[PDB]
Amino acid sequence: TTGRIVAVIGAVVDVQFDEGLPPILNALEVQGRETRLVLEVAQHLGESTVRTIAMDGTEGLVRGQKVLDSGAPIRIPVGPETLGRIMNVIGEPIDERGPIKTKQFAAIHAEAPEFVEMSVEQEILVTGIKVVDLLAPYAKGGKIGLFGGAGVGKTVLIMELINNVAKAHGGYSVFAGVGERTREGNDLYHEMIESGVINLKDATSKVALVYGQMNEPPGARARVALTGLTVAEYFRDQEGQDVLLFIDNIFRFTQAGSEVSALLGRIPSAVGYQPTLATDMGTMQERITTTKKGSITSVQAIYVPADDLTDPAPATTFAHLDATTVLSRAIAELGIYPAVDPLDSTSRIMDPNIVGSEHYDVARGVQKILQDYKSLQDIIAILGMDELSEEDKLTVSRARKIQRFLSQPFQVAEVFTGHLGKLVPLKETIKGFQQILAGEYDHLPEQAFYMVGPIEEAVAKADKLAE
Amino acid sequence: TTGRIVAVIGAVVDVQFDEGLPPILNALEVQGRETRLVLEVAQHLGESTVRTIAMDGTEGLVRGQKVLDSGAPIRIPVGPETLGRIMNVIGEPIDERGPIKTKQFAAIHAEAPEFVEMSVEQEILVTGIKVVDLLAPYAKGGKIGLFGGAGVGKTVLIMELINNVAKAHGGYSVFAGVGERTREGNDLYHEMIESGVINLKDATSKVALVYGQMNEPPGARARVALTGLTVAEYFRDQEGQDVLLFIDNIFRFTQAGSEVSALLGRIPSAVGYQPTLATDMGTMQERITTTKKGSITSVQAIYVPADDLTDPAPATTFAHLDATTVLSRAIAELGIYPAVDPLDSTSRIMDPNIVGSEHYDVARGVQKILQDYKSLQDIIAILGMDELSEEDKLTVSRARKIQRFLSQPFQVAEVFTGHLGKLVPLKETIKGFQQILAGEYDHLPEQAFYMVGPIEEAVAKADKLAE
Amino acid sequence: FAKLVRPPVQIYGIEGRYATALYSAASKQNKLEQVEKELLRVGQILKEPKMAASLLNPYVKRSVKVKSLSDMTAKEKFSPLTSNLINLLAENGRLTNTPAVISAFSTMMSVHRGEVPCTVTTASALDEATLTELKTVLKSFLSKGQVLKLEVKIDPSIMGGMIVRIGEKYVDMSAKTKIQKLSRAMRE
Amino acid sequence: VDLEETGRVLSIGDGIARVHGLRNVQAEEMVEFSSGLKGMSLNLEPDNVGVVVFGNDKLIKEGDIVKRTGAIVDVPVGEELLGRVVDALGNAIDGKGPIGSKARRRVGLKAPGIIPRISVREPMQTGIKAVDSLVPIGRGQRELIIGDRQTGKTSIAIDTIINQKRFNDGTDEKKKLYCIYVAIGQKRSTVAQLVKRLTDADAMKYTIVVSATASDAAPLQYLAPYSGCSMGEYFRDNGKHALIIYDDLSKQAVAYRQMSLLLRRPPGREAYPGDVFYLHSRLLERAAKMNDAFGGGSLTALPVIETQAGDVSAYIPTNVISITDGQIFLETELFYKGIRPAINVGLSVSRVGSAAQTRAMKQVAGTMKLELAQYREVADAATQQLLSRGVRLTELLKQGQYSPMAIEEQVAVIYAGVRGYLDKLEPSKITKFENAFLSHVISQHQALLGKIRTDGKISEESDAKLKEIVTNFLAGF
Amino acid sequence: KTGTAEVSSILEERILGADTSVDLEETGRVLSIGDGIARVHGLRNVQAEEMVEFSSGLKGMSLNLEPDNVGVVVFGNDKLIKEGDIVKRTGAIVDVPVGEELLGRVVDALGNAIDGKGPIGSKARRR
Ligand SMILES: Nc1ncnc2c1ncn2[C@@H]1O[C@H](COP(=O)(O)OP(=O)(O)OP(=O)(O)O)[C@@H](O)[C@H]1O
Ligand SMILES: Nc1ncnc2c1ncn2[C@@H]1O[C@H](COP(=O)(O)OP(=O)(O)O)[C@@H](O)[C@H]1O
Ligand SMILES: Nc1ncnc2c1ncn2[C@@H]1O[C@H](COP(=O)(O)OP(=O)(O)O)[C@@H](O)[C@H]1O
Ligand SMILES: [Mg+2]
Ligand SMILES: [Mg+2]
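Residue numbers (the UniProt record's numbering), protein chains in the order written: chain G, 59 to 525; chain L, 59 to 525; chain F, 24 to 211; chain S, 66 to 444, 454 to 551; chain Z, 45 to 171.
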């Protein structure tokens, strides 16, 4: 079907279809454009007119240009050939390596799995990282919030999660970058190429990148999360595996939604956010679940405006999170890596009914001893180390050993640590911390636990450095 | 006349009369309903259309339905046969006891008393409550107001005042429950039936009840305060008696207006409130005056949204009251009850020429000591109560003793706490506060005053504490 | 722009703007009487139940509406002014308020030919002689060439006397207002 | 085309279609769109009709055909719904077959007046020691559960629901309680896991679940509470007892705010419209307790609110506190510390249910409340005694999850605690004692607990035998 | 509802068939002017953010293309623009001169020298 552009206010374009109207959310292509321009319908103003949000610059459009109704929403190429390929919101590759050749196309506007396509039992995603797997296990098919986001290891941690999940469970991964700085986007592309999660030669990649740039109109940065979700939903459903979906950043998702809502001419709500904030977030976050075929585990990088946790954006996103990780500058200083704050990290499934009584007790003991050491550090700073008892110097030693053991060497950071990366299973982690808490290793030096895999590596390090 | 509905938006209905238009405030009957639906006219829109507010649910209204003019505003039954009954907005009994048989009807939209009718007398009404009687003495024939957020003690206080004042009252009384819980109205009804204030089988009932509780639309809550006002006005003007008019909660009268204002196509003012907030409040509140034909001693519970006394509604109500009684949540959290804030509460009759010189001097001494304590509180909270001079420590101790002593155990709270209700005649209140102020009781523990009748009960409590 | 000739009585609103455009168009070239007759004709033409039902449905495309109206106008031999006016109202979708335009132009044309609507209200009807002297005196009120358009409603709400409106001029010799005035004089 | 019983969507967009036609459509009537959705006709305007679409506006198009159903918005009610999950319009979403119900009730029907009701005289047992002894909830009451993110409110609701099985498995038709769980703006994963948890506790055979999860359009989240309340009003008016749990009533407020703003209505305080108080009171005034001239049924309500950073004086929390008959303030500080249920007994009150509490629990919990109140004011000799006893009680009121207690076991445990038998036991071992003690009385001495339950009081002989049991057990621990 | 081009002047023009002698494709007539915003009737072939040129020598950028009219923002004081003026397309989006010929030159937002050192060299232009 063919219509005409009747109006062009900013990034909003009003089109007129004399024949038949396209339903809401469809994509229309403007004919007579040097570069593909896609308009997503959003309203039916009556008199056969529709109002569309543009996915690219509308400058140079003329009242009357022909617009072709595609007939289905934005359809992107999904498959195994998207792995290692960057592509913008409308699916066109932007890494200049040729077309994304696939036999499949998926519409980015889908619906959450019905109530019966839902796993009824909780699970645990084993990422092979001690701190994450012990103090804040990642639920399978559950959103994880990730805080910090500045020179603390967010990218290295993301790459390590990608590698472990593609090595342990064999699932692939999607990286949807919402409102992504082009400089940092290119830097991330190259870091992935170096670490090996993308392979431009042999086609053994493990990540599909989807960049919604920071200079695209608000109507494009609002939908790239949906493009990433579609790329991941293919792997969930069709490939029947567990996928990871990194959304960086989620505050930019909400902010772009807010800008689109304002542009369409809607009254803002609480703090000048869209009146549809809760549903705009829910429609996306409800497609990151554990269907009976596979699952999608999402990792949202989260930014808290004004450092206010009650701002509508994080107040609404935190309603969906099923866990939390808190990279801290104060721990990268100590040389511990990954710099995950052991105490500020949180998880919903840290429950004896889900993770098991032994796992729960080990985690609670580690948290308690770390809190005890934190409290004792004030006494050390003030009254001096002498003031401690003997049932407190012991706890200080045990807590320092635990802090050292929570650090790990990543396979994607062998050019930063000189060691060889370890993917510690879960049983190894639980046993190591159980033994350290019991006191079985009180005779070893603290540095024998720094940056080692399982506990047996700590034993070997002690032997190698003492002898 | 006969018009036809043309629009039905929310509780606002537009009716078109081709023949004679009905005046404003004039009531209309929607012909074709199971029950009686009354539409109070509110505007003339031109083209022979009138906008109206429906006094009941508008579901089931069909465009083109027939509406019959009634020729006069909502006329309610008034007389001595409305005592012991329960009425609603339009005067229909809701106690299931038969039609209210009166020979005289009153339109609920009368005008306020002129200026040559006001009475300047100013007596003191003794309520048996220490905080109310000492600092904010209520006056006979004046308007009173209890301000307080949700769950601070408005209804408990108003029920205590009902009990006390309207048991020692030989005149009539009228309770208009506008926008409050329905089970609270049921409890009030049955407490009165038990307490003899209502005779279902006689003609010695001294309380008329009107009810537009929260479950009713915005058109019924707005115009029920007027029904209570009319029932009270009859007993004032005609019967020439002294009336008690309790209202609870009067905020719901203005709130309801702001619900229909939006639909009446009026530009909202301060915080979404109708532009005519103060005018409507004034026309309602200047009919509750004590003129030369009689007296009305109206007590009004006023709800403070989000505990904000800067809100337009309570801020506007403040200028329509003789005595206030700002109930405070901060005080209520300390356990003090009633939570009256002694410094926000005021009164017109707190004049040495009306209350005396011992009453006035004691009230001002209490207020001065409480204000000094409030000034110290900020330093006391951080630096601690040790960086205080001895005069300041004495002030803190006296102020805390006074704060506790202002707390009292009501009889209506016998069920809550199991204590015994206490009334404290005015002389005992003044004497007890004189003694506390002079320092006669500096050897007692401050918790010896918490919730006691006269001060000698505080001394007995202290002696028991010694054991 | 084209210095349009203003109408005598200014009608305001959407109908006012369309009618003022039509009046300015007709006044130059001079076709006010013929165009008014054609407007009265289209007043009934569109009112036909079939045409009205086919023009109040916003799901028939504006193209079909304009084509049908062109066919009707050609089938009725109108001035190009009225045909263009109907086309313009159809394109803009202003058909639902077409009569308000024909009404407006009527109000705008009556004043053009000199007319001052009048109203007389009395408790009871009048004998034709008295109505004749009313005609005479009211024509005395008017100016030169200004025909009169009398209307004699009967209002029993007033208790007697007379009430007369000539344009915006108003004279109230009704017993009710005298009763009100004297009563208010008493109370002061 | 019949322009009286049918119209055509003039303009879709925002979730508020404008239709042209439907000249005979009643206000608040339900219409059906051609595609398959349904809508409610809000604004009967002179030239069109504003229909709010109960679904996704993507499916609606300008030109579609709207056909009026002829009835006001109503939902299917009855016994046929027990054990089923249903969307906000009563259409099953658990795929177990058609709902098949005979009666339909309006969702906008008005609450009972002042004469039908009667004071709350029966206890609604929740099997949570802190709730049952300190803030009892009667039948017909409206007891707000107000808290924060992850502080254990859904846990209170589900423990209540699971506890009702002692009564719903017996024969006394006057104690059976039928539960309803309305989930609003809530992750569908959570609803599915909750339904599995109920099915594992054999607690679905008497439970309806109404779902309006976060992926469901705003009108469905705004309408789910009313569908649930009608499903419960059926039992209330048919002489049976129901318990509806709206969870949360703040997500419904957000949905209604979206609906209002998209309709271009004047935002008020925090951009909430002026009808929010009416929105919630209209709903919570239906949890009544009818008198025997009307059946004697009841409908308890347990609305749930999520404060923001512990702010209880916000706008919506204050509205619902002005609507409800009590509170159960769950404190996040306590929850994180280790106390669970983290009920802040200082600020949590139950105005109505105090007189519905059971005598056997009444007498013991009275002294428990006095002791805890005294302890609250001192946190030498008597001071040390109060601290010790208060800590014993506080560690006594900690509870597990999905393990509700019968009233008799609560009586036994609280009696042991308040009569000072644990005043020597180290404060940490109390739970270890508790979980052990119950087993003892739950095994050998069933006669005592059964007699307490039947007689409904701790008689002097029951008191003596309980004293013997507790002292003898404490001797060997 | 209402439109800004429904003023009685446009309707008058269109009723008596005077809308065919005006080229409403590359020229337009100002309907409104105020606070630096002009609303122009016509310019049916004008692109978003294209520069139009008013009869009085001023320039403007056409930002809002609505069904009825074009919203042009004027590059200067709207003292010189009057309702009824004539606005002509320039045909090209706004661009500026570039090159080493600008170094050491003070220019305004559109590449016009304002330091009075002579014309601006300018071999190349750039959007
Ligand atoms: N009585 C209890 N004992 C131990 N843990 C509990 C208890 N109650 C709740 N929890 C823990 O708290 C967590 C959250 O509980 P719950 O879902 O009841 O809180 P919520 O307020 O419903 O959460 P949300 O606000 O996210 O819906 C659960 O994972 C559970 O492990
Ligand atoms: N496991 C690790 N081993 C060594 N260095 C690390 C590790 N994790 C993070 N780092 C250090 O953290 C710094 C920031 O890394 P990265 O997270 O990629 O940047 P950003 O935090 O800006 O995304 C790097 O310079 C790197 O040296
Ligand atoms: N005099 C009092 N003594 C003890 N408790 C009181 C007293 N007054 C109020 N309360 C507390 O306040 C609650 C009643 O609040 P109420 O005043 O009815 O709310 P509102 O302010 O909405 O009317 C009771 O549950 C009770 O715990
Ligand atoms: Mg109250
Ligand atoms: Mg929950």
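Beta carbons: idealized from backbone N, C-alpha and C, even for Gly.
Pick from the options that is closest to residue i, judged by C-alpha positions
{"i": "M408(L)", "options": "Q180(L), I346(L), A226(L) and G211(L)", "result": "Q180(L)"}
{"i": "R62(G)", "options": "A69(G), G68(G) and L79(G)", "result": "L79(G)"}
{"i": "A92(Z)", "options": "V150(Z), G148(Z), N108(Z) and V84(Z)", "result": "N108(Z)"}
{"i": "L87(Z)", "options": "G101(Z), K45(Z), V66(Z) and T46(Z)", "result": "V66(Z)"}
{"i": "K132(Z)", "options": "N156(Z), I158(Z), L102(Z) and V151(Z)", "result": "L102(Z)"}
{"i": "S465(G)", "options": "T285(G), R310(G), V398(G) and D114(G)", "result": "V398(G)"}
{"i": "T341(L)", "options": "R91(L), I132(L), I166(L) and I134(L)", "result": "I166(L)"}
Chain F contact residues for residue i, given Cβ-Cβ distances below 8 Å
{"i": "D127(G)", "result": "Neighbours of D127(G) on chain F: none; closest Cβ ~17 Å, over 8 Å."}
Distance cut-off 6 Å: residue i Cβ against heavy atoms of ligand 2
{"i": "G160(S)", "result": "no"}
{"i": "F304(G)", "result": "no"}
{"i": "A471(G)", "result": "yes"}
{"i": "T240(G)", "result": "no"}
Per-residue contacts from residue i into chain F (C-beta, under 7 Å)
{"i": "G128(S)", "result": "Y82"}
Contacts of residue i in chain F (Cβ-Cβ under 9 Å)
{"i": "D300(G)", "result": "Under the 9 Å cutoff, chain F gives no residues; its nearest Cβ is about 50 Å from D300(G)."}
Residue i beta carbon near ligand 6 (any heavy atom closer than 6 Å)
{"i": "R406(L)", "result": "Ligands displayed in this structure: ligand 1, ligand 2, ligand 3, ligand 4 and ligand 5; ligand 6 is not among them."}
Residue i CB to nearest heavy atom of ligand 1 below 6 Å
{"i": "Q473(S)", "result": "yes"}
{"i": "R262(S)", "result": "no"}
{"i": "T389(S)", "result": "no"}
Residue i: contacting residues in chain Z (beta-carbon distance under 8 Å)
{"i": "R40(F)", "result": "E50, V51, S52 and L55"}
Residue i Cβ short of 6 Å to ligand 5 heavy atom set
{"i": "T219(S)", "result": "yes"}
Chain-ordered chain G contacts of residue i [CB-CB under 9 Å]
{"i": "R73(S)", "result": "What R73(S) touches in chain G: nothing, since even the nearest Cβ is about 11 Å away."}
Burial state of residue i, where buried means 16 or more other Cβ atoms lie within 10 Å
{"i": "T262(L)", "result": "exposed"}
{"i": "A524(L)", "result": "exposed"}
Residue i: CB within 6 Å of a non-hydrogen atom of ligand 4
{"i": "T255(S)", "result": "no"}
Cβ-heavy atom distance, residue i to ligand 3, below 6 Å
{"i": "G209(L)", "result": "yes"}
{"i": "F394(S)", "result": "no"}
{"i": "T382(L)", "result": "no"}
{"i": "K212(L)", "result": "yes"}
Proximal residues of chain L, C-beta to C-beta of residue i below 8 Å
{"i": "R182(S)", "result": "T240, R241 and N244"}
Subject >> Within 8 Å of chain F by C-beta, residues of the stretch 73-91 of chain G in sequence order >> reply: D76
Original post:
Any residues in the stretch 165-190 of chain G with a beta carbon nearer than 9 Å to a beta carbon of chain S? Which ones, in chain order?
Top reply: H167, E169, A170, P171, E172, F173, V174, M176, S177, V178, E179 and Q180
Original post:
What are the residues of the stretch 286-320 of chain L that lie near chain S, defined by any Cβ-Cβ distance shorter than 7 Å?
Top reply: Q313, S316, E317 and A320
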